[PDB]
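Summary of the model geometry
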Amino acid sequence: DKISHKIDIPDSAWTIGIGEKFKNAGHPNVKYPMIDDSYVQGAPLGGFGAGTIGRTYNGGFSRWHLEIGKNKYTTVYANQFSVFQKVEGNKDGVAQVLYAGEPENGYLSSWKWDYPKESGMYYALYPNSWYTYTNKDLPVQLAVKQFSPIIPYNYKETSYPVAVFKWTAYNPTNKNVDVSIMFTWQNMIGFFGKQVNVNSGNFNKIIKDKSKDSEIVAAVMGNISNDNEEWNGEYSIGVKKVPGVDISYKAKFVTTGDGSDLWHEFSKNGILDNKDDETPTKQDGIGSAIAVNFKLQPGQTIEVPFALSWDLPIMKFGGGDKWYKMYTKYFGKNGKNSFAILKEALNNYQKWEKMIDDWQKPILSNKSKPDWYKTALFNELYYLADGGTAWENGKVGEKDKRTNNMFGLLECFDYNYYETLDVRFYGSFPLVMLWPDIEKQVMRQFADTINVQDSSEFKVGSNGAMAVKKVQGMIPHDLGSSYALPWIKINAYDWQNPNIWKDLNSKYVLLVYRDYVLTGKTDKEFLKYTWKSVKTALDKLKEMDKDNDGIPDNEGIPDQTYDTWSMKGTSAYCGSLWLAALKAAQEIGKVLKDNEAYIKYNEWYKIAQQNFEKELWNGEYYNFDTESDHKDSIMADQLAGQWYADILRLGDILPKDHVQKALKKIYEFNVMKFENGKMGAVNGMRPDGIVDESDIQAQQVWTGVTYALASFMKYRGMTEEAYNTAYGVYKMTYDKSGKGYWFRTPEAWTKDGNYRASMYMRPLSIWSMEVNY
Ligand SMILES: OC[C@H]1O[C@@H](O)[C@H](O)[C@@H](O)[C@@H]1O
Ligand SMILES: [Ca+2]
């Protein structure tokens, strides 16, 4: 391996061998059906709201999120980089597809598959990833750096449906070597959203652009129809000419055949036929190829950039709404713009690279933080682009711009709900810290729902009761599902009735105040916008105080985020959240000079604080609640309210000394007595040091709960404890001794390591460990 010295891969990059098998992989621990796409994953490509593409550590384009809100795991074998090499003065060269695998069909059987083991590495530090190719049979060594321009405080390039592939080639040998790198791509118009004749009318064309200071060759893959449907638009692949390099192409090869139409050219001399053919296919799948060929002398290095774009301007949800995607603001809405997106990337990728480095550098260069932590911190951000992310630039048919662009991130794919509020309380930290205009938009979406009333009835899944869908003054659980109508039909969740949950209204308030504090305490307009909704939220929750202790009563059913774990009376969780939310509203009262509100929330806070301490402090920790079976259980999340109060700079809601003791107890029990502290914090533990078995949720580690608990510890000066607590999450996710959840971090696992709900929003909470950014 001499190529690694020629490129700049940080030490904290997640690493795995191309072709490596992994023996210890977790699987779902529920009886019911649940996504398991295996451990062959990698860092995603594509912007926010653009639909994303998951290219795996094996090289295949396999995890498809281009249909917004859906997850389709299937390798499109035609999509690859391939290499040709011939040493000067030998009869024949070698040609090899850079994919550690082979088609399951008999399609493309002429290509050279099964890139060998022990012959390269994959590296990820999102939004960059890299592959190195160090193969006995390839004398010139190659590396590619691939990324999308995902840039904090940038709402433009961050939306783009584009990926750059920057290749570096090095000849360490004493002989001249001819090299070709070829990009192949299937014309994927109809891969989704077409019910029949999925390839019909698809056609490819070649664009040669010789503009100012660049020559670019590209293939544009489209369809002859000018319909404005979810399925229609263009893909493009292409390359920028650099000195010492020639370009060739093939406009059309058949992906539903043996592939020799392309490969017989490539495997001869790494040079394609430059054959155009714009005729449209009917039943056969088609694709295009772009190749570069060059000669490398001993010790010579060369760099050449390829790119991929996809212009699929329309997203469709299951209820029938059709929206334009955010990037159409910058490139247009007609689905004919793939080349423009590509050309932007090819001419500006160096600038985008420097911008990525500029945002990563302050964490990367802090040598007081261990590399493993940097690995998790950056890589968990995969979920922002990958979580079914929807970012609308208008409804189809509207003739003018709206004043706002609505946004939604899925909780996950198995529970297909946008912006789950009990979840985003933990999971939205990267948004507020790095894309705060998106964050504030999401919270304004929630503000607008507060007084929405929907009297229609639904059957509650857990107990078969009938409940009203949406009650005035109660915050919704979510903003809809991709199977229905995101942003229009709310509360898609129906396992419990969220209109009687005791955490949502509080978490809403704390999220509002958080967004103000963490963006510099200057945005009074945001507090003004949200103020009525905050006051309404807290007032409705006060009404759920049955026994007059100043605190909402949990009703003996699961009426909060732990949605099968019953709480009754005053709970540590909902009670601390309530306290913190009252103190937050007092502050907002002060900022907005609203004396009535300030005085009311102060008086409610005083009563409630006093009673909380009395009812639940036991000398070592705070009890789970006042009235349940196992009410003395140690809950890992018992002081979630004080966690948020530290972040919001609201001070002590509970005595300093009592907090410190409860956290040391949580570490001593929930962490260190659960599999030797190597798997995170288990949610519930009996004071005898044994896992609480009152419910499955008590026996789970929640990844986002645990990272948040580490933030809390860290800010209370329990540094060792914080990082040890977080380490178990990292280990399970990324390490060879874990369970193979890289780029699909789940909600939860049990002591055996098996999971629930891969690709989950909550563990974005890791960014709460970085709160001064
Ligand atoms: O694991 C529990 C989670 O399950 C999801 O189905 C719900 O939407 C969340 O509200 C809940 O916190
Ligand atoms: Ca009460």
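Attention now moves to the site of ligand 1. Surveying the vicinity of ligand 1 reveals 16 residues, the closest of which are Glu411, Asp422, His477, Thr561 and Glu747. Here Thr561 contributes a side-chain N or O atom positioned 2.7 Å from an oxygen atom of ligand 1. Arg756 places a side-chain nitrogen or oxygen 2.9 Å from an oxygen atom of ligand 1. Calculation on ligand 1 without its partners gives an accessible area of 320 Å², and the protein chains cover 97% of this total.

Turning to helix 4 (residues 371–379), a few remarks are in order. Of all nine residues in helix 4, eight are buried, a share of seventy percent or more. Looking only at helix 4, the buried set comprises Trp372, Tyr373, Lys374, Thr375, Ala376, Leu377, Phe378 and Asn379. On its buried side, helix 4 packs onto strand 1 (14–17), strand 8 (120–125), helix 3 (338–364), helix 5 (382–386), helix 15 (703–715) and helix 16 (719–734).

Protein-derived ligands of the calcium ion (ligand 2) are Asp545 (OD), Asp547 (OD), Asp549 (OD), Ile551 (O) and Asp553 (OD), with the metal-ligand distances lying across 2.3 to 2.8 Å. Each donor residue of the calcium ion (ligand 2) belongs to the same chain, with the gaps between them written as D-x1-D-x1-D-x1-I-x1-D. Like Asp553, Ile551 is buried.

What follows covers the nonpolar core. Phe165, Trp167, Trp185, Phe306, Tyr508 and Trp767 are the most contacted members of the largest nonpolar core, which has 254 residues in total. For this core, the leading source of residues is helix 11 (residues 572–591), giving 13 residues. For this core, the two domains that each supply at least three residues are domain 1 (1–364) and domain 2 (365–773). Ignoring any residue separated from it by four or fewer positions in sequence, one finds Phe306 in contact with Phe81, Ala163, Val164, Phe165, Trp167, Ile181, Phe183, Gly238, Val239, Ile290, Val292 and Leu346. Core analysis: the next-biggest nonpolar cluster, separate from the first, contains 17 residues, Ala78, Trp263, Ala289 and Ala291 among them.

To continue, consider the pattern of salt bridges. Counted according to the given criterion, the structure contains 32 salt bridges. Where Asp273 meets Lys250, a salt bridge forms, and the shortest distance between an N and an O atom there is 2.7 Å. With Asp273 in the loop between helix 1 (260–269) and strand 17 (286–296) and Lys250 in strand 16 (residues 245–254), this pair connects stretches of sequence that are 23 residues apart. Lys250 gets classed as buried once you look at its relative accessible area, which sits at 6%. One salt bridge in this structure joins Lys507 and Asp503, with 2.8 Å as the shortest N-O distance.

Turning our attention to the pairing of strand 12 (residues 177–186). A large share of strand 12 lies buried, amounting to nine of its 10 residues. Relative to strand 12, strand 6 (residues 80–87) is paired through eight bridges, and the arrangement is antiparallel. When the bridges of strand 12 are listed, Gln85 appears paired with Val179. With 10 bridges connecting them, strand 12 and strand 17 associate as antiparallel partners. Its bridge partner lying in strand 17, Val177 is registered against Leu296.

So, how was this worked out
- Residues numbered from 1 in each chain as written, not as in the entry; some residues may be left out.
- Chains lettered and ligands numbered in written order.
- Heavy atoms only, no water.
- Residues with missing side-chain atoms left out of burial classes, pairs and counts.
- Near = heavy atom within 4 Å.
- Polar contact = N/O pair within 3.5 Å; in protein donor to acceptor, adjacent residues only side chain to side chain.
- Areas by Shrake-Rupley, 256 points an atom, 1.4 Å probe, with all protein chains shown as cover.
- Buried < 20%, exposed > 50% of the residue type's maximum accessible area, 1.4 Å probe, protein only.
- Helix = DSSP H or I, 4+ residues; strand = E, 2+ residues; numbered from the N terminus.
- Contact = heavy atoms within 4.5 Å.
- Donors = N, O, S within 2.8 Å, 3.2 Å for Na, K, Ca; no water.
- Core = buried A, V, L, I, M, F, W, Y, C linked by side-chain atoms within 4.5 Å.
- Domains from an automatic or database assignment.
- Salt bridge = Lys/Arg side-chain N within 4 Å of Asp/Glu carboxyl O.
- Pairing = 2+ DSSP bridges.

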